[PDB]
Amino acid sequence: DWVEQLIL
Amino acid sequence: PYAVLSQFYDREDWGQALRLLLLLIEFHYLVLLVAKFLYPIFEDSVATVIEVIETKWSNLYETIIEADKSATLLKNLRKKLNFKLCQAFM
Amino acid sequence: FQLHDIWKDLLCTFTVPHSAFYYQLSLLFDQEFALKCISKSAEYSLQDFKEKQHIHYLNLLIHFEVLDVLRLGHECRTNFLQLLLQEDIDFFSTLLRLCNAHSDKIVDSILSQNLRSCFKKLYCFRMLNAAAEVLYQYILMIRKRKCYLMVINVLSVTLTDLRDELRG
Amino acid sequence: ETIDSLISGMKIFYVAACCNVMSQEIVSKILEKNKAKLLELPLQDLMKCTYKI
């Protein structure tokens, strides 16, 4: 979740 | 924070560097900090990132650069050249 | 043997009378003994003999640095070297990279020609370190972006053109 | 030969074509070479110069 929000 | 944690903890380091490049792309000071980190560290994806950064490339930034050293564009270009050489050797 | 100073070969060696002896021994065991003797003789000596010795040494080493050494030696029979490098072509590439790092005419030209004979572009670029840029441009005439980018970084008119093309 | 060289350098200073001419002169000099006088005459292009040295 935290790494999906960083990629966005 | 996750990137810093990864840094504290080779592949992990690469993943962190990639994350940093991605963040820089999304966003001058940040870019300088990133360049500094890359220099300190000193494959295809990495090269692509470096390239994008070069393509992307005031007083506060210069001050930050001076603090880090304790010209910048040139050092960055040199680092990029070194990275390219490394990729070629690989 | 060294301390002092199949039948047909022995007779030939006697007629010649160190190089001959080692060559014969190497041929007869063709192994450790052979290779060692051959290497020792070659070292003690340092067109036909030279070329043969060099080829033998290189082959033995690649089977067991040597490349660069032999090259610089002979430089200081060009087609022969072209064939040797032909055999060389990953280990060879690594050795070349090492030599370039150490450095940081005839040899250079031969290398460029052999490389010109992704992978190709990379090797060419690494060696030339203009040739790189030319090769990349020719190949281009994801991939596009990567090439344009590499070109721009190396150059740092051309940049403007590349940027315009990437934007178009 | 030296005077011609100086003339060519001045022309180059006076851009792409000039660089091409300079490269041609370098190639010609290299062909001629194939000690002090040679050093005097000498005094990607940068990479070539480095390889020469």
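Here Cβ is always computed from backbone atoms with ideal geometry, including for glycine, and neighbour counts include all displayed protein chains. All of the numbers you see were taken from the coordinates with simple rules; none came from a lab.
Three semi-axes describe the equivalent ellipsoid of the range B:13-90; taken as square roots of 5 times the Cα gyration tensor eigenvalues and ordered largest first, they are 21, 14, 11 Å. Could you pull out every one of the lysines with an alpha carbon less than 22 Å from that of B:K36, ignoring same-chain neighbours closer than 8 positions? List returned: B:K56, B:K69, B:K75, B:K79, B:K80, B:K84. When +1 charges are put on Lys and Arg Cβ atoms and -1 charges on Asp and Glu Cβ atoms, the dipole computed for chain C relative to its Cα centre reaches about 780 debye.
Within the same chain, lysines fewer than 8 places from D:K11 are excluded, and of the rest, those with a Cα less than 30 Å from its Cα are C:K105, D:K29, D:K33, D:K35, D:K37, D:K48, D:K52.
What separates the Cα centres of the range B:37-64 and the range C:35-71 is a distance of 46 Å. Kirkwood-type hydrodynamic radius, the range C:1-156: 18.5 Å, calculated from all non-identical alpha-carbon pairs.
Only helical runs count toward this figure. For chain B, summing -39,500 (n - 2.57) over DSSP H runs of n ≥ 4 and dividing by all residues gives -27500 deg cm²/dmol at 222 nm. Computing FRET efficiency as 1/(1 + (r/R0)^6) for C:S156 and D:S8, where r is the C-beta to C-beta distance and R0 is 41 Å, gives about 0.90.
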